[PDB]
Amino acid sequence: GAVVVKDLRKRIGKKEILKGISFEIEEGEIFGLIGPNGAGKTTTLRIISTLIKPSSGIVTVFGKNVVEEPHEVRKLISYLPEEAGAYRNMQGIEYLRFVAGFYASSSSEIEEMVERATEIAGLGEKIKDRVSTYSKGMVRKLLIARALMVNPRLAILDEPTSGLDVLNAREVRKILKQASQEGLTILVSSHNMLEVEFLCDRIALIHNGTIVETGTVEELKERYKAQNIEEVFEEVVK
């Protein structure tokens, strides 16, 4: 329903990066496109977000073809690229005001966005500190807050927990899970196969630009008699 990818191909330079992949994401869930570095996850997530176009195949977001109706699609999505940063010479709350202003000019809408963001970030009084003082995990919470504050129907997050220590990765997972429990559909990319069971409801395993399996995390574990997703992946691709 929420996202349907059908025989998606994408050439970049000499390479067929995506090799005719298919999968579907259900409304209201956290879906993981999971695989090692170089598998094509970023390209996939970027095509779904309308930033780049397919070479062929069809992608629909909530029933809207992303190539035929991109306008309608973009009204529904928010994309956060991997390792996004924020402007360091602003307070957190100031950064959030600034960016909220891209989306709207009305004080009311800006205020609403900023207050949603502050509440998602969970930075306490530190939101009034300069971003240059923030740890990596704080920047990441600020950025995800910023992606989520526009109340998208679908959030597309490229490696949301990469680079994070144990505590911050857990807080980020918490944020995403709460957001999905409030109705948000989230497409994440990740190469951390142990942690995927504690974040995603369903996954597509991707290898060299091919989907080698899909299902709920539990289905896959039961299907391959595997206690974790890295074992599934390994079982499936050699």
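Each residue number is its position in the shown sequence, starting from 1.
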Q.
Tell me which stretch, 193-201 or 169-177, has the higher mean Cα B-factor listed in the entry.
A. 193-201
Q) When the C-alpha temperature factors are averaged for each of 80-88 and 95-103, which stretch ends up with the higher value in the entry? A) 80-88
Q | Lowest, middle or highest third - CA B-factor, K19 | A | lowest
Q: Place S55 in the lowest, middle or highest third of its chain's C-alpha B-factors, as listed in the PDB entry.
A: middle
Q.
Using only modelled residues of the chain, where does the Cα B factor of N208 rank: lowest third, middle third or highest third?
A. middle
Q) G35: which third of its chain by C-alpha temperature factor? A) lowest
Q.
Among the modelled residues of this chain, does the Cα B factor of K75 put it in the lowest, middle or highest third?
A. highest
